[PDB]
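For reference, target_8.cif (mmCIF, C-alpha atoms; chains and numbers go by the auth columns):
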```cif
data_my_file
#
loop_
_atom_site.group_PDB
_atom_site.id
_atom_site.type_symbol
_atom_site.label_atom_id
_atom_site.label_comp_id
_atom_site.label_asym_id
_atom_site.label_seq_id
_atom_site.Cartn_x
_atom_site.Cartn_y
_atom_site.Cartn_z
_atom_site.B_iso_or_equiv
_atom_site.auth_seq_id
_atom_site.auth_asym_id
ATOM 1 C CA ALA A 1 21.143 60.973 29.505 0.00 1 A
ATOM 2 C CA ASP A 2 18.458 59.983 27.034 0.00 2 A
ATOM 3 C CA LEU A 3 21.119 60.310 24.305 0.00 3 A
ATOM 4 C CA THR A 4 23.937 58.485 26.065 0.00 4 A
ATOM 5 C CA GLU A 5 21.520 55.633 26.876 0.00 5 A
ATOM 6 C CA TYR A 6 20.305 55.444 23.240 0.00 6 A
ATOM 7 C CA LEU A 7 23.937 55.400 22.121 0.00 7 A
ATOM 8 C CA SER A 8 25.060 52.661 24.542 0.00 8 A
ATOM 9 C CA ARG A 9 21.933 50.755 23.690 0.00 9 A
ATOM 10 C CA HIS A 10 22.606 50.895 19.965 0.00 10 A
ATOM 11 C CA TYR A 11 26.094 51.895 18.838 0.00 11 A
ATOM 12 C CA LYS A 12 27.374 48.422 19.599 0.00 12 A
ATOM 13 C CA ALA A 13 29.838 46.561 17.415 0.00 13 A
ATOM 14 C CA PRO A 14 27.709 43.711 15.945 0.00 14 A
ATOM 15 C CA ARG A 15 25.284 46.258 14.500 0.00 15 A
ATOM 16 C CA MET A 16 27.959 48.330 12.854 0.00 16 A
ATOM 17 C CA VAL A 17 29.700 47.827 9.517 0.00 17 A
ATOM 18 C CA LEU A 18 32.900 49.754 8.595 0.00 18 A
ATOM 19 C CA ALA A 19 32.664 50.156 4.814 0.00 19 A
ATOM 20 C CA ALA A 20 35.002 51.538 2.183 0.00 20 A
ATOM 21 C CA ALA A 21 35.366 51.864 -1.573 0.00 21 A
ATOM 22 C CA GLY A 22 38.178 53.107 -3.751 0.00 22 A
ATOM 23 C CA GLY A 23 41.905 52.892 -4.063 0.00 23 A
ATOM 24 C CA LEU A 24 42.335 51.070 -0.784 0.00 24 A
ATOM 25 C CA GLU A 25 43.291 47.488 0.047 0.00 25 A
ATOM 26 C CA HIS A 26 41.259 45.237 2.348 0.00 26 A
ATOM 27 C CA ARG A 27 44.121 44.514 4.761 0.00 27 A
ATOM 28 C CA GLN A 28 44.784 48.236 5.395 0.00 28 A
ATOM 29 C CA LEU A 29 41.108 48.740 6.238 0.00 29 A
ATOM 30 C CA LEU A 30 41.082 45.604 8.398 0.00 30 A
ATOM 31 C CA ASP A 31 44.256 46.813 10.176 0.00 31 A
ATOM 32 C CA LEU A 32 42.711 50.220 10.772 0.00 32 A
ATOM 33 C CA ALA A 33 39.489 48.618 11.969 0.00 33 A
ATOM 34 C CA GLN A 34 41.537 46.655 14.443 0.00 34 A
ATOM 35 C CA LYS A 35 43.664 49.643 15.387 0.00 35 A
ATOM 36 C CA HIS A 36 40.976 52.252 15.925 0.00 36 A
ATOM 37 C CA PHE A 37 37.848 50.138 16.537 0.00 37 A
ATOM 38 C CA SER A 38 38.919 47.242 18.787 0.00 38 A
ATOM 39 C CA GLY A 39 37.210 47.818 22.132 0.00 39 A
ATOM 40 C CA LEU A 40 33.462 48.258 21.612 0.00 40 A
ATOM 41 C CA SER A 41 31.948 44.928 22.529 0.00 41 A
ATOM 42 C CA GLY A 42 34.695 44.094 25.036 0.00 42 A
ATOM 43 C CA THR A 43 31.514 44.123 27.047 0.00 43 A
ATOM 44 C CA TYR A 44 28.427 42.815 25.077 0.00 44 A
ATOM 45 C CA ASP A 45 25.129 42.726 26.956 0.00 45 A
ATOM 46 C CA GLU A 46 23.410 40.136 29.136 0.00 46 A
ATOM 47 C CA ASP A 47 19.614 40.398 28.891 0.00 47 A
ATOM 48 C CA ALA A 48 19.467 43.793 27.111 0.00 48 A
ATOM 49 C CA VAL A 49 16.606 43.493 24.512 0.00 49 A
ATOM 50 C CA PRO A 50 17.772 44.736 21.041 0.00 50 A
ATOM 51 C CA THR A 51 14.984 42.834 19.072 0.00 51 A
ATOM 52 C CA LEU A 52 12.734 44.350 16.379 0.00 52 A
ATOM 53 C CA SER A 53 9.016 43.537 16.535 0.00 53 A
ATOM 54 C CA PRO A 54 7.087 43.353 13.229 0.00 54 A
ATOM 55 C CA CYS A 55 4.982 46.332 12.242 0.00 55 A
ATOM 56 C CA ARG A 56 1.305 46.090 11.576 0.00 56 A
ATOM 57 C CA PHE A 57 0.355 47.702 8.223 0.00 57 A
ATOM 58 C CA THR A 58 -3.085 49.420 8.157 0.00 58 A
ATOM 59 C CA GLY A 59 -5.401 50.089 5.199 0.00 59 A
ATOM 60 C CA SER A 60 -6.176 53.662 5.997 0.00 60 A
ATOM 61 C CA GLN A 61 -6.248 57.248 4.860 0.00 61 A
ATOM 62 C CA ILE A 62 -4.965 60.507 6.168 0.00 62 A
ATOM 63 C CA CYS A 63 -6.209 63.655 4.534 0.00 63 A
ATOM 64 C CA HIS A 64 -4.749 67.004 5.440 0.00 64 A
ATOM 65 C CA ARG A 65 -7.017 69.418 3.632 0.00 65 A
ATOM 66 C CA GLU A 66 -5.382 72.818 2.876 0.00 66 A
ATOM 67 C CA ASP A 67 -6.939 74.803 0.004 0.00 67 A
ATOM 68 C CA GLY A 68 -4.322 77.461 0.491 0.00 68 A
ATOM 69 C CA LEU A 69 -1.693 75.272 -1.121 0.00 69 A
ATOM 70 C CA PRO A 70 -1.395 75.500 -4.982 0.00 70 A
ATOM 71 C CA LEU A 71 -1.016 71.806 -5.721 0.00 71 A
ATOM 72 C CA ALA A 72 -2.089 68.531 -4.121 0.00 72 A
ATOM 73 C CA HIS A 73 0.332 65.905 -2.916 0.00 73 A
ATOM 74 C CA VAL A 74 -0.921 62.313 -2.820 0.00 74 A
ATOM 75 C CA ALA A 75 0.882 59.061 -1.897 0.00 75 A
ATOM 76 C CA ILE A 76 -0.767 55.621 -2.103 0.00 76 A
ATOM 77 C CA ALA A 77 0.728 52.340 -1.071 0.00 77 A
ATOM 78 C CA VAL A 78 0.034 48.735 -0.396 0.00 78 A
ATOM 79 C CA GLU A 79 2.100 46.605 2.033 0.00 79 A
ATOM 80 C CA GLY A 80 5.516 45.643 0.680 0.00 80 A
ATOM 81 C CA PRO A 81 7.292 42.460 1.713 0.00 81 A
ATOM 82 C CA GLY A 82 10.599 43.685 3.145 0.00 82 A
ATOM 83 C CA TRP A 83 14.320 43.872 2.331 0.00 83 A
ATOM 84 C CA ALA A 84 14.836 40.148 2.244 0.00 84 A
ATOM 85 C CA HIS A 85 12.031 38.977 -0.052 0.00 85 A
ATOM 86 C CA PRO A 86 13.043 38.019 -3.606 0.00 86 A
ATOM 87 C CA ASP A 87 9.638 39.350 -4.759 0.00 87 A
ATOM 88 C CA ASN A 88 11.317 42.799 -4.692 0.00 88 A
ATOM 89 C CA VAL A 89 13.017 42.274 -8.018 0.00 89 A
ATOM 90 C CA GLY B 1 -24.640 70.450 -11.087 0.00 1 B
ATOM 91 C CA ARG B 2 -21.615 70.862 -8.815 0.00 2 B
ATOM 92 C CA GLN B 3 -18.457 68.729 -8.755 0.00 3 B
ATOM 93 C CA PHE B 4 -15.985 67.659 -6.213 0.00 4 B
ATOM 94 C CA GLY B 5 -13.101 70.082 -6.633 0.00 5 B
ATOM 95 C CA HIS B 6 -15.343 73.200 -6.993 0.00 6 B
ATOM 96 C CA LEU B 7 -17.596 73.065 -3.914 0.00 7 B
ATOM 97 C CA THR B 8 -16.048 75.372 -1.363 0.00 8 B
ATOM 98 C CA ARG B 9 -12.774 76.450 0.389 0.00 9 B
ATOM 99 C CA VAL B 10 -11.543 74.428 3.402 0.00 10 B
ATOM 100 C CA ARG B 11 -8.295 75.014 5.274 0.00 11 B
ATOM 101 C CA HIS B 12 -6.605 73.117 8.074 0.00 12 B
ATOM 102 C CA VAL B 13 -8.619 70.010 8.735 0.00 13 B
ATOM 103 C CA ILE B 14 -7.259 66.553 8.939 0.00 14 B
ATOM 104 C CA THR B 15 -9.421 63.487 8.483 0.00 15 B
ATOM 105 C CA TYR B 16 -8.168 60.121 9.645 0.00 16 B
ATOM 106 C CA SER B 17 -9.969 57.010 8.432 0.00 17 B
ATOM 107 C CA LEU B 18 -9.869 53.220 8.295 0.00 18 B
ATOM 108 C CA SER B 19 -10.454 50.624 5.607 0.00 19 B
ATOM 109 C CA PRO B 20 -13.758 48.792 5.977 0.00 20 B
ATOM 110 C CA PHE B 21 -11.892 45.470 5.857 0.00 21 B
ATOM 111 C CA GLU B 22 -9.999 46.665 8.945 0.00 22 B
ATOM 112 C CA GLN B 23 -12.902 47.612 11.229 0.00 23 B
ATOM 113 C CA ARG B 24 -16.185 46.150 12.542 0.00 24 B
ATOM 114 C CA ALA B 25 -19.484 46.976 10.932 0.00 25 B
ATOM 115 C CA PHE B 26 -21.392 46.774 14.263 0.00 26 B
ATOM 116 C CA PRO B 27 -18.835 47.460 17.078 0.00 27 B
ATOM 117 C CA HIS B 28 -20.935 48.138 20.173 0.00 28 B
ATOM 118 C CA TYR B 29 -24.264 47.795 18.469 0.00 29 B
ATOM 119 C CA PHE B 30 -26.167 47.310 21.714 0.00 30 B
ATOM 120 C CA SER B 31 -23.669 48.575 24.324 0.00 31 B
ATOM 121 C CA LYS B 32 -23.694 52.094 22.796 0.00 32 B
ATOM 122 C CA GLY B 33 -26.756 52.087 20.518 0.00 33 B
ATOM 123 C CA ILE B 34 -29.512 51.402 23.048 0.00 34 B
ATOM 124 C CA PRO B 35 -28.305 54.311 25.297 0.00 35 B
ATOM 125 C CA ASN B 36 -28.190 56.439 22.198 0.00 36 B
ATOM 126 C CA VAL B 37 -31.754 55.746 21.203 0.00 37 B
ATOM 127 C CA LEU B 38 -32.979 56.278 24.745 0.00 38 B
ATOM 128 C CA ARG B 39 -31.213 59.675 24.578 0.00 39 B
ATOM 129 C CA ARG B 40 -32.725 60.720 21.193 0.00 40 B
ATOM 130 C CA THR B 41 -36.056 59.600 22.439 0.00 41 B
ATOM 131 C CA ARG B 42 -35.791 61.841 25.568 0.00 42 B
ATOM 132 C CA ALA B 43 -34.648 64.716 23.399 0.00 43 B
ATOM 133 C CA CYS B 44 -37.754 64.616 21.275 0.00 44 B
ATOM 134 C CA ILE B 45 -40.710 63.163 23.255 0.00 45 B
ATOM 135 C CA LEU B 46 -41.861 66.506 24.589 0.00 46 B
ATOM 136 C CA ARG B 47 -42.252 67.873 21.086 0.00 47 B
ATOM 137 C CA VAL B 48 -43.486 64.758 19.207 0.00 48 B
ATOM 138 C CA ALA B 49 -45.717 62.872 21.731 0.00 49 B
ATOM 139 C CA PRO B 50 -48.163 65.501 23.169 0.00 50 B
ATOM 140 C CA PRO B 51 -50.156 66.408 19.980 0.00 51 B
ATOM 141 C CA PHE B 52 -50.696 62.688 19.473 0.00 52 B
ATOM 142 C CA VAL B 53 -52.067 61.950 22.979 0.00 53 B
ATOM 143 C CA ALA B 54 -54.257 65.028 22.346 0.00 54 B
ATOM 144 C CA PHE B 55 -55.572 63.289 19.196 0.00 55 B
ATOM 145 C CA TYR B 56 -55.761 59.992 21.094 0.00 56 B
ATOM 146 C CA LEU B 57 -57.960 61.590 23.837 0.00 57 B
ATOM 147 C CA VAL B 58 -60.270 63.163 21.231 0.00 58 B
ATOM 148 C CA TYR B 59 -60.335 59.837 19.372 0.00 59 B
ATOM 149 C CA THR B 60 -61.696 57.799 22.284 0.00 60 B
ATOM 150 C CA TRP B 61 -64.029 60.529 23.566 0.00 61 B
ATOM 151 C CA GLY B 62 -65.349 61.276 20.068 0.00 62 B
ATOM 152 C CA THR B 63 -66.299 57.677 19.375 0.00 63 B
ATOM 153 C CA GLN B 64 -67.676 57.318 22.884 0.00 64 B
ATOM 154 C CA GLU B 65 -70.059 60.162 22.396 0.00 65 B
ATOM 155 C CA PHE B 66 -71.049 58.795 19.017 0.00 66 B
ATOM 156 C CA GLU B 67 -72.166 55.433 20.362 0.00 67 B
ATOM 157 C CA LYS B 68 -73.908 56.657 23.520 0.00 68 B
ATOM 158 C CA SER B 69 -75.585 59.563 21.757 0.00 69 B
ATOM 159 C CA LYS B 70 -77.240 57.831 18.829 0.00 70 B
ATOM 160 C CA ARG B 71 -77.531 54.084 19.170 0.00 71 B
ATOM 161 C CA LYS B 72 -77.244 53.040 22.796 0.00 72 B
ATOM 162 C CA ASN B 73 -79.389 55.975 23.586 0.00 73 B
ATOM 163 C CA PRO B 74 -83.110 55.744 23.099 0.00 74 B
ATOM 164 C CA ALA B 75 -83.202 57.130 26.604 0.00 75 B
ATOM 165 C CA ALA B 76 -86.586 57.917 28.238 0.00 76 B
ATOM 166 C CA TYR B 77 -89.853 58.339 26.244 0.00 77 B
ATOM 167 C CA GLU B 78 -91.962 57.630 29.334 0.00 78 B
ATOM 168 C CA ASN B 79 -95.746 57.236 29.465 0.00 79 B
#
```
Have the structure of the file written as structure tokens, please.
Amino acid sequence: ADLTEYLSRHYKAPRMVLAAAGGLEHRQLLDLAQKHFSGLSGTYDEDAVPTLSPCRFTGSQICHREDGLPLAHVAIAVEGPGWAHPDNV
Amino acid sequence: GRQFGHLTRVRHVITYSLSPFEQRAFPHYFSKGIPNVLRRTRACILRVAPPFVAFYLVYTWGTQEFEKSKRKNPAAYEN
């Protein structure tokens, strides 16, 4: 039930993209999308709540000390801007 | 001397920590500190305090005897 609810909650048309690349033609893919995919948001929710809240970044450290391991792994990072920001280039 | 990297062997302990710019430097300074000092005080009074009152008592007595014995004195020489 936890799964079916997560599915219903999320595998909804407007958050899905059917993508393809190769020796195809757009119309064939569109036709197929209409043939095999029509009937997903024949519903579409009233007050559901699919919104994403921003995530607080914290200047912090986590150290898992294990002298039994032969080499150290270390990963440092500062807060990035996000997919949309042109600063990414 | 000794260097970080060659001190001793430690296995299995995780340390979580925050950036100073992310936390308070005095959180519950009074709320938690006062209680804490009361508690460290209780924990040590019985060992620290007694020898000192013992000196204190000998301090006041000692000077008391000194004054009454020599100066104040000239007690009786009656004729």
- Interface list for chain B, partner chain A, 12 Å threshold, only C-alpha atoms, as number ranges by chain: B: 5-23
- Item | Of the listed residues A:86, A:50, A:80, A:23, that which approaches residue 11 in chain A most closely, counting only C-alpha atoms |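 For residue 11 in chain A, the nearest of the given residues is A:50.
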- Task: Convert the output of the PyMOL selection byres ((chain A and resi 3-9) around 12) on the shown file into explicit residues, formatted as a PyMOL selection string.
- Result: chain A and resi 1-2+10-15+40-41+43-45+47-51
- Item | Between CA of residue 3 in chain B and CA of residue 75 in chain A - distance in Å to one decimal |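 Calculated distance between CA of residue 75 in chain A and CA of residue 3 in chain B is 22.7 Å.
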Mind working out the centre and edge lengths of an axis-aligned box for range 65-79 of chain A, all listed atoms inside, 8 Å added to each side, rounded to one decimal in Å and written as lines of an AutoDock Vina configuration file?
```
center_x = -2.5
center_y = 62.0
center_z = -1.0
size_x = 25.1
size_y = 46.9
size_z = 25.4
```
- Expressed in Å to a single decimal, how great is the separation between CA of residue 55 in chain A and CA of residue 81 in chain A?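 Between CA of residue 55 in chain A and CA of residue 81 in chain A the gap works out to 11.5 Å.
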- Using all atoms listed in the file, the best pick from A:30, A:16, A:24, A:54 as closest to residue 82 in chain A would be A:54
- Rounded to one decimal in Å, what is the spacing between CA of residue 79 in chain A and CA of residue 56 in chain A? 9.6 Å
